[PDB]
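Input: a single structure, listed below in structure tokens.
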Amino acid sequence: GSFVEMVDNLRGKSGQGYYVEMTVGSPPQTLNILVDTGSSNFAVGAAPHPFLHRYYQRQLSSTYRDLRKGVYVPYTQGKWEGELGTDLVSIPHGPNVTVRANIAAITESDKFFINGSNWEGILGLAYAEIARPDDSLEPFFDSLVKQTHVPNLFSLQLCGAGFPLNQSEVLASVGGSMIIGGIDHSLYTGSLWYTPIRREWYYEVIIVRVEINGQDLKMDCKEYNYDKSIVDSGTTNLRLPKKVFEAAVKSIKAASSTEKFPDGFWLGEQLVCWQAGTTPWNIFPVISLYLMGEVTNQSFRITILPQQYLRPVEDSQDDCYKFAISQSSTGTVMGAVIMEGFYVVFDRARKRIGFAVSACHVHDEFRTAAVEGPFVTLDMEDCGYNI
Ligand SMILES: COc1nc(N2C[C@H]3C(=O)N(C)C(=N)N[C@@]3(c3c(F)cccc3F)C2)nc(C)c1F
């Protein structure tokens, strides 16, 4: 329905992540926490770091409980180490509940905290299977549902500004909404279409067809989900498996061939700039991802614009961007630049993810993002990768 208390509770941007205010401990210690559907731990800075202006101080919390266990998390882009415990946790612009949750108190880290991101921890919203050190460490959302009457569902509306936000603007700007326990109808237009959650670990989905400006990429659909496809608010880009990325970039280059861009742009490294207001959106194609539907032999599609996959960056008065589609060796990742086009419903109760056009997606007068269906699609189970 309507969840006014939770609307506009996020801040941030696709490159540095979107965060929500939370409190930990007694008396409550306020922290900004990145919303991450690509991990399953609640982990917060708990020791001084040059990029943190605040951190969780366990000795100041009367409700802190030490689990006497460490946790070491090395990942591709960095690492963090911490100490496990539990404490009382709340979300001020959330459900009016307080729960006892696991917290990994980060004591050491490398390339984890981002200078100027304004967040001090991460809220892993995925399933226990991928929790660290193992699946016995109950994730925050599982604790929230078990201890309260909050429905087993959350929904995210990530709002890209469509232009760069400076240090002050990004702190003053509304970055979107995280609706805990429901769907807020003011955040989207049109209908919600649902895709099954293939397996409960990451939020895994199955892509069954890909188009660039209506032209079928025509790959065996198993390539689109090799080795998995996931929805991850903690990744900035739309990441595609190597072979799919190579085919998609060739097609995007062909569609936009009236302007030549350097190799560094297509590698997502180099910015491209245009005179203020002259970004040639129309030369860039729309991209449609067809997802398995809930009905047998039915799919639907989500369509994004270059206003989603070209990420605004500061250079001058020029309008500059980076190409926010990049290669992956770990499957498709529908990151924040894709989520910015849609209101995304993580319906854990019904093992499905819903998509609708976002009320805050960036577009122009000629094209809009879309969520459309149904389409007849056969043998969609064959699109899923095994082993
Ligand atoms: C919190 O706890 C854990 N965290 C991670 N993560 C992996 C990271 C990552 O690469 N992506 C793509 C990702 N989705 N999540 C990470 C992340 C961010 F989102 C944003 C900024 C920094 C980050 F480290 C955090 N993984 C495991 C296993 C955790 F226990």
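For the sequence shown, the positions run 58 to 372, 376 to 447 when the entry's author numbering is used.
Think of the CB as a built atom: it goes at the ideal place given N, C-alpha and C, for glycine as much as any other residue.
| query | result |
| --- | --- |
| Inter-stretch contact at 8 Å, needing at least 3 Cβ pairs: the region 201-215 / the region 377-388 | no |
| DSSP three-state assignment for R115, whether helix, strand or coil | helix |
| Among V207, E261, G219, nearest to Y184 - alpha-carbon criterion | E261 |
| Outcome for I171 when other beta-carbon atoms lying within 10 angstroms are tallied against a minimum of 16 | exposed |
| N- and C-terminal bounds of the beta strand (DSSP E) containing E138 | 135-147 |
| C-alpha gap between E326 and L295, whole angstroms | 14 Å |
| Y132 beta carbon near ligand 1 (any heavy atom closer than 7 Å) | yes |
| Burial state of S418 (16 or more Cβ within 10 Å) | buried |
| Residue nearest to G219 in terms of C-alpha spacing, selected from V130, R157, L362 | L362 |
| With 16 other Cβ atoms within 10 Å as the buried cut-off, status of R125 | exposed |
| Sub-8 Å separation of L297 and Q387 beta-carbons | yes |
| beta-carbon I179 near ligand 1 non-hydrogen atom, thresh 7 Å | yes |
| Simplified DSSP state of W323, which is helix, strand or coil | helix |
| Sub-8 Å separation of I264 and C443 beta-carbons | yes |
| Bridge partner(s) assigned by DSSP for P196 | Answer by DSSP bridge pairing: none, since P196 is not bridged. |
| Residues near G102 by beta carbon distance below 7 Å, same chain, minus five either side | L109, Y112, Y113, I163, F170, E177, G178 |
| heavy atom of ligand 1 below 7 Å from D93 C-beta | yes |
| Residue environment, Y132, which counts as buried when at least 16 other CB atoms sit within 10 Å | exposed |
| Straight-line Cα distance separating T155 from residue 375 | A gap in the chain, from 372 straight to 376, means residue 375 has no coordinates in the model shown. |
| Proximity test, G325 beta-carbon vs ligand 1 heavy atom, cut-off 7 Å | no |
| Close Cβ partners of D65 (< 7 Å) along its chain, the five nearest in sequence each way excluded | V231, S234 |
| Range covered by the beta strand (DSSP E) that runs through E268 | 264-269 |
| beta-carbon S356 near ligand 1 non-hydrogen atom, thresh 7 Å | no |
| Reference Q364; option with closest CA among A429, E351, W331 | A429 |
| Ligand 1 heavy atom lying under 7 Å from the CB of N172 | no |
| C-alpha distance - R410 paired with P253, whole-angstrom precision | 9 Å |
| Residue burial classification, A100 (beta-carbon count within 10 angstroms, cutoff 16) | buried |
| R408 beta carbon near ligand 2 (any heavy atom closer than 7 Å) | Because ligand 2 does not appear in the structure shown, any question about it cannot be addressed here, the ligands present being ligand 1. |
| Neighbourhood of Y129 by C-beta, 7 Å cutoff - its chain only, sequence neighbours within 5 removed | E138 |
| Contact test: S96 Cβ vs ligand 1 heavy atom, cutoff 7 Å | yes |
| Candidates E257, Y366, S97: closest to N159 by CA position | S97 |
| Contact check, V288 vs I187, beta carbons under 8 Å | no |
| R189 beta carbon near ligand 1 (any heavy atom closer than 7 Å) | yes |
| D320 Cβ short of 7 Å to ligand 1 heavy atom set | no |
| CB contact flag (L145, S59, <8 Å) | no |
| Beta-carbon gap between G72 and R368 smaller than 8 Å | yes |
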